[PDB]
Amino acid sequence: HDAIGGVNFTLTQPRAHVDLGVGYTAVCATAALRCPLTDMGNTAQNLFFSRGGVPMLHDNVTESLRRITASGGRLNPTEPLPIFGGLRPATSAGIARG
Amino acid sequence: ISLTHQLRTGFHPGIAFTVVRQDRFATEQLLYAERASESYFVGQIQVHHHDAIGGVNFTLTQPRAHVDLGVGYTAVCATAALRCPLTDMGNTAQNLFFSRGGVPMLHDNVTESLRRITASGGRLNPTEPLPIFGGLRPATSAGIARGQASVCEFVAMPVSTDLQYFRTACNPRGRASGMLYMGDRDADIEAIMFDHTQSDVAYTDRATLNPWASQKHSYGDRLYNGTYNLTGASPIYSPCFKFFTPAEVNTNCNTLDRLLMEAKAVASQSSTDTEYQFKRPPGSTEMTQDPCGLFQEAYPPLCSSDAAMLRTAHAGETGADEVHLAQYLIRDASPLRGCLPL
Amino acid sequence: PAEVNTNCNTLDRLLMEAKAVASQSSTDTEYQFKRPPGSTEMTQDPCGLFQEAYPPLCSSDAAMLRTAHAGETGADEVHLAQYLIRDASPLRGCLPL
Amino acid sequence: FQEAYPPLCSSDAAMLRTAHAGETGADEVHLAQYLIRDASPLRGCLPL
Amino acid sequence: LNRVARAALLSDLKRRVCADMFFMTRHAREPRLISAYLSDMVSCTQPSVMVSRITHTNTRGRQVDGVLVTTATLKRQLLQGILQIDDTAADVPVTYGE
Amino acid sequence: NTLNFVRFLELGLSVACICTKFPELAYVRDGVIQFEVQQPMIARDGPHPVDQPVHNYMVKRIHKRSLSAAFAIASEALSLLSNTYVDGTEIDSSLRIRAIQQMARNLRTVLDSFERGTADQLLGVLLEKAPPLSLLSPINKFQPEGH
Amino acid sequence: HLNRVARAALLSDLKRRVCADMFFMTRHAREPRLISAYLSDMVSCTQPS
Amino acid sequence: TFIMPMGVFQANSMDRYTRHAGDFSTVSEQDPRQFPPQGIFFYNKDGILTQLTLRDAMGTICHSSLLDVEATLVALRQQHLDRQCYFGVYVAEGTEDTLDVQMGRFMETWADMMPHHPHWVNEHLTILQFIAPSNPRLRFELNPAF
Amino acid sequence: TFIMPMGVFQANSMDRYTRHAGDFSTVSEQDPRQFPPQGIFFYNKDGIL
Amino acid sequence: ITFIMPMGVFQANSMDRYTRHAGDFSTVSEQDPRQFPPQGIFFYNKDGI
């Protein structure tokens with residue numbers, strides 16, 4: 001395969017396997033516990049990321065409700081509210097403990 | 001002035017303080033090294049004959065060189081034994097009148113009376129003549145103490161502050177900071193440590209523990225931060241200078257490698273020839289391993305808001321009741337758990 | 001309601017779902033997003049094949065969450081109207097307190 | 001030079017004697033009195 | 001590493017450095033655990049180049065693998081009941097090589 | 001640094017697999033393996049239905065996977081190898097030999113990667129095959145036969 | 001070549017040696033792995049001649 | 001480096017709980033565990049409690065540095081400021097009227113002086129809500145004396 | 001997956017018992033524990049409350 | 001050696017109104033000699049009493 005300025009060789013080899021055991025021929029079991037990767041934190045799930053439900057009749061009410069939900073929370077939709085977007089939470093600074 | 005009146009009288013003005021105090025301990029180390037840790041080169045001796053009082057001085061000299069011929073790390077040192085504590089865990093009011101340069105008060109008589117009442121109630125005081133063009137050294141000590149006088153600095157903070165913060169390894173600034181938190185850009189060492197539109201990293205539900213010593217130009221930062229240099233003339237070491245001062249940055253190396261680089265024995269920042277834990281004297285070269293300096297943390301020792309709960313009913317272990325009504329007992333969390341008996 | 005075929009017996013199916021099912025979260029993100037497309041991480045999943053959850057050490061008042069003995073945590077069940085749910089998750093003796 | 005040795009006390013020793021001879025009174029104190037204690041050499045010899 | 005792994009590693013590292021600090025005077029009463037982390041210390045450094053002709057060996061002939069420098073008190077605590085002596089004499093090279 | 005070559009057979013994990021070569025593997029559609037197992041029987045009386053010996057016929061099929069590794073050559077290496085811009089002087093012979101040393105030192109590791117990675121694939125498949133012990137042990141114990 | 005940190009505390013570290021451990025024998029009739037911690041560290045110790 | 005809080009007062013009423021009937025009481029009529037603490041007591045280098053109190057902080061707080069706000073103002077003036085109503089921060093002068101016409105005029109103007117809610121009325125906030133980053137007033141709270 | 005009930009109030013009167021009379025007393029004339037709870041307290045990854 | 005010694009001493013710093021296990025040096029009624037100064041000096045001479 002041609003790349004950079006020269007060539008790249010990709011060496012491939014097909015192979016296949018069969019489980020020739022009548023019963024179960026392998027057993028795994030968790031043994032030790034390492035550091036927990038996640039945080040046992042308190043980050044309330046924000047339901048304002050979802051679109052599709054019947055909206056409230058007055059738009060200002062919905063906007064005020066979203067704004068008041070934003071206070072006292074970490075993850076919130078970004079303020080520009082990008083139409084045609086993922087409504088992803090705003091990125092933050094460094095992570096503390098997972 | 002009213003603070004003078006109230007703090008003397010026994011009144012409790014609506015603020016609270018957090019103390020910070022730096023201590024030294026003598027420790028015996030433990031080193032391991034592999035076979036080809038250093039490629040070592042030896043020169044050839046040469047002699048200088050130098051005239052003397054009546055005769056001659058021969059100074060034999062020889063040059064040599066050393067190289068690290070190891071791909072990884074070939075030597076690991078670990079602090080092993082706790083020998084004697086070196087400095088005093090005293091109750092030390094830092095005196096801020098050692099600093100000159102701030103905007104003085106209008107009436108010089110009031111400033112003089114304030115200096116008298118501040119040098120009052122305390123040890124370390126500008127000498128009475130108040131020399132102009134001087135270092136304002138404290139009234140020189142007579143015989144020495146039991147340990148180098150370890151200065152304790154105070155930081156203001158609101159009264160209703162969550163006490164649970166101090167029962168673990170906390171940070172005096174109130175908002176945990178440092179270089180150890182990175183990953184996407186380079187100019188985030190400032191966003192973490194000063195931007196208050198973003199939550200605190202450690203306690204990820206609030207901006208900062210106290211808003212009087214965490215923002216860009218708050219009281220605590222304006223008074224202790226080294227970049228403003230307010231206590232420049234004061235020879236007193238400030239134990240919380242290392243928490244409020246933004247460290248210089250080079251992002252070329254990844255975080256783990258840089259952590260290891262900072263982890264070795266950094267040069268001393270206190271005094272081993274001057275008796276009040278003065279600023280590091282020029283030309284002083286003592287190598288000191290410095291934990292809780294690269295993590296920006298301070299360990300809370302066994303202290304209680306009251307002489308009450310400190311000690312309990314079995315002739316052995318100390319008191320263990322955490323909080324009773326409005327007093328409190330902060331159980332020890334420093335590395336000095338099984339040492340420094342009671 | 002998980003999609004199910006019922007041709008084979010219950011125990012074999014129980015073992016089939018017992019393998020390390022593929023992950024349904026994210027690892028490199030700071031907020032535990034949905035499973036990113038093209039990520040193949042194989043993780044064993046208990047309490048997902050039994051449709052159950054384990055309650056951790058929780059209480060309605062920080063006062064009873066700890067006892068005054070320089071050691072273990074409190075264990076009283078209900079004081080006046082608060083509560084203290086003793087830990088029953090598999091992490092009884094780990095996760096230092 | 002300068003500093004000091006001691007043993008274990010109780011003054012209302014109406015914080016002194018109930019039935020032990022061993023390790024008994026150590027939380028400093030009971031009502032309004034003065035309950036001194038213990039830090040020169042020998043712990044636990046010679047029962048009372 | 002990604003952010004999350006680094007943060008978890010960081011918290012674990014902080015816990016470790018707060019715990020494993022004065023190890024020779026805190027856990028002085030457990031000789032077996034002392035030998036349990038000395039072996040961790042020895043097996044945590046990478047080796048270096050293997051160029052040599054004559055090396056430091058014991059009387060049997062087994063090549064040594066490092067040097068462990070202490071204070072006399074520490075040396076005695078280790079020799080008393082923690083580490084086991086292998087040999088009391090050594091073979092040492094007696095030339096530089098210019 | 002001289003990397004050490006690992007042969008898959010020397011590893012203790014080799015005891016768990018029956019390796020065999022098959023050059024025409026790319027033309028296999030559905031490799032099929034067969035079983036025929038009979039079970040014993042005991043005789044009883046009373047209000048029990050008289051039973052008959054049973055036979056079982058089980059059939060399994062092959063699962064196909066693959067292994068791939070890469071191998072790079074810079075442009076200057078190709079230019080030196082093709083002899084397109086050679087000047088016939090001792091200066092470039094050293095460059096050519098450097099390029100060839102790079103190529104060979106590279107190819108050795110590339111070939112070694114297949115040996116080193118067959119063990120990886122075996123671990124992967126064994127993990128994907130093994131039910132947990134905590135379930136398998138009581139299941140294989142507290143039911144005598146089944147149904 | 002030390003300063004006023006070692007012997008100005010000659011009464012603050014030594015007088016440790018003014019507060020723990022002591023004159024051997026006979027109240028606690030009950031202990032062999034420290035009785036030779038000033039017994040098994042005071043008999044043989046340092047520099048030669 | 002060791003750290004200790006001194007004047008911290010547990011505001012929440014549930015936190016001022018005692019572990020039994022009197023698990024710290026008196027003989028006097030007023031159990032003065034209810035009074036806010038004023039000192040901190042820590043074991044010295046020596047096995048010694050010593051005393052650090054509020055009064056020891058006078059070497060740090062009663063300096064003139066508590067009134068050096070000028071640099072803070074200069075720094076604050078260099079950010080983005082939005083036009084806000086000036087109801088609570090403006091002082092006028094009289095117009096030698098009957099003090100009734102003045103009040104009527106002030107009411108008429110006050111019908112629309114404020115297009116929003118003033119920031120200095122929201123004192124109902126609890127400490128947790130005040131600290132939270134969404135609070136707009138947080139960045140304006142720097143000195144304890146200003 | 002961890003699950004914690006959060007605002008649950010034990011409705012029946014018999015269940016709101018105290019194991020001792022003086023268990024958690026206060027200075028207020030009304031015990032601030034009869035009120036229905038509003039929060040849940042648990043331990044973080046590092047032991048932080 | 002020398003030591004020093006005592007008659008009832010007093011504290012100063014007003015920080016000790018605490019309690020642990022109790023019904024106290026108090027009767028049906030109020031304030032005869034108990035909110036008051038300690039007693040004094042006594043001792044305990046040769047062999048146990």
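Calculation criteria
Residues numbered from 1 in each chain as written, not as in the entry; some residues may be left out. Chains lettered and ligands numbered in written order. Part of a larger assembly, values for the part shown. Heavy atoms only, no water. Residues with missing side-chain atoms left out of burial classes, pairs and counts. Helix = DSSP H or I, 4+ residues; strand = E, 2+ residues; numbered from the N terminus. Rg over C-alpha atoms; globule rule 2.2 N^0.38 Å. Contact = heavy atoms within 4.5 Å. Nonpolar A, V, L, I, M, F, W, Y, C, P; charged D, E, K, R; others polar. Buried area = accessible area lost by both parts, 1.4 Å probe. Salt bridge = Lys/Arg side-chain N within 4 Å of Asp/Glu carboxyl O. Polar contact = N/O pair within 3.5 Å; in protein donor to acceptor, adjacent residues only side chain to side chain. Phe/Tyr/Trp six-rings, centres within 6.5 Å; stacked < 30°, edge-to-face > 60°. Buried < 20%, exposed > 50% of the residue type's maximum accessible area, 1.4 Å probe, protein only. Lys NZ or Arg CZ within 6 Å of the ring centre and 35° of its normal. Pairing = 2+ DSSP bridges. Axes fitted to C-alpha atoms, helices over the stretch in contact; angles between N-to-C directions. Disulfide = S-S within 2.5 Å.

Method-wise, the PDB entry is recorded as coming from cryo-EM, at a reported resolution of 3.1 Å.

Looking at the PDB entry, one finds chain H named Major capsid protein and attributed to Human alphaherpesvirus 3. The title given for this PDB entry is "P-hexon capsomer of the VZV C-Capsid".

Chain A is annotated in the PDB entry as Major capsid protein from Human alphaherpesvirus 3.

A. Up close: the overall build of chain H. Across its full length, chain H holds four helices and three strands. Ordered by position in the sequence, the α and β elements of chain H form the string β-β-β-α-α-α-α. Over its C-alpha atoms chain H spans a radius of gyration of 24 Å, topping by over 25% the 15 Å that the globule rule assigns to 146 residues. Each of the three principal axes of chain H carries a C-alpha extent, and together these read 70 × 40 × 35 Å. In chain H, the proportion of contacts linking residues at least 24 apart, taken out of those at least 6 apart, comes to 49%.

B. Representation of the interface of chain B and chain H. Taken together, the contact pairs 95 residues of chain B with 66 residues of chain H. Elements that contribute at least two residues to the side of chain B that touches chain H include exactly α1 (2–9), β1 (16–21), β10 (87–88), α2 (108–119), β12 (152–157), α4 (219–224) and β15 (303–304) of chain B. Per-element accounting of the side of chain B that touches chain H gives the leading share, six residues, to β1 of chain B. Here the side of chain B that touches chain H is composed, by residue class, of 55 nonpolar, 30 polar and ten charged.

C. Highlighting the interface of chain A and chain I. Counting residues at the interface gives seven residues for chain A and six residues for chain I. At the boundary of chain A with chain I, total buried surface from both sides reaches about 560 Å², with 61% on carbon and sulfur atoms. Across the chain A-chain I interface, the total number found is zero salt bridges. One can count zero residue pairs in polar contact joining chain A with chain I. Residues belonging to the side of chain A that touches chain I are distributed by class as follows: two nonpolar, three polar and two charged.

D. View of the packing of aromatic side chains. Under the defined criterion, the tally for this structure stands at 14 aromatic pairs over all chains. Ring plane angle 85° and centroid distance 6.1 Å describe the contact between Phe17 of chain B and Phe154 of chain B, whose orientation is recorded as edge-to-face. Note that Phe17 of chain B is positioned in strand β1 and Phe154 of chain B in strand β12, a separation of 137 residues in sequence. Pair check on accessibility: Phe17 of chain B and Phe154 of chain B agree, each one buried. Among the aromatic residues, those joined into a cluster by ring pairs are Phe87, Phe106, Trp110 and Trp120 of chain H. Taking the ring centre of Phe278 of chain B as reference, the NZ or CZ of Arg137 of chain B above it sits at 5.9 Å.

E. Quick peek at the arrangement of the chains. The interface with the most contacts, out of 24 pairs of chains in contact, is the one formed by chains B and H. You won't find any contact between chain E and chain J; their C-alpha atoms come no closer than 32 Å. With respect to C-alpha atoms, chain F approaches chain J no nearer than 49 Å, and the pair has no contact.

F. Up close: the sheet that holds β12 of chain B. Spatial ordering of the open sheet is given by β12(B)-β1(B)-β1(H), a layout of three strands whose pairing is antiparallel. Across the chains shown, the open sheet's two edge strands, defined by having one partner strand only, are β12 of chain B together with β1 (2–5) of chain H. Sheet twist, expressed as the average angle between the axes of neighbouring strands with direction ignored, equals 20°.

G. Looking closely at the side chain of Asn46 of chain A. Residues and elements named next belong to chain A. Along the chain, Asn46 turns up in the loop between β2 (6–17) and α1 (59–70). Of note is the side chain of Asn46, whose polar atom sits 3.3 Å from the backbone oxygen of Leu75. In contact with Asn46, not counting residues within four places along its chain, are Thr69, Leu75, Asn76 and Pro77.

H. Local environment of the pattern of salt bridges. Taken as a whole, this structure holds 29 salt bridges over all chains when the rule is applied. For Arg16 of chain E, the salt bridge goes to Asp40 of chain E, with nearest N and O atoms at 3.4 Å. Highlighted residues: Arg16 of chain E in helix α1 (residues 3–19) and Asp40 of chain E in helix α3 (residues 31–42), separated in sequence by 24 residues. Among the salt bridges present, the one from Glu10 of chain F reaches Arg7 of chain F, with a minimum N-O distance of 2.5 Å. Across the pair, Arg7 of chain F and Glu10 of chain F agree in class, each one exposed. Look at the salt bridges and you will find they share partners, linking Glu112, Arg115 and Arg116 of chain B into a network.

I. Spotlight on the state of the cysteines. Going through the model one piece at a time under the given rule, you end up with zero disulfides over all chains. No disulfide involves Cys45 of chain D; its nearest neighbouring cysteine sulfur is the one of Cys19 of chain G, lying 17 Å away.

J. The arrangement of the environment of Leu209 of chain B in detail. In this structure, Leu209 of chain B sits in the loop between α3 (189–194) and α4. According to the relative accessible area criterion, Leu209 of chain B is buried, its value standing at 9%. Separated by 51 residues in sequence, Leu209 of chain B and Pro158 of chain B have C-alpha atoms that sit 9.1 Å apart. Beyond its immediate sequence surroundings of up to four residues, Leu209 of chain B is in contact with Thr161, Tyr165, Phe166 and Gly174 of chain B together with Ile131 of chain H.

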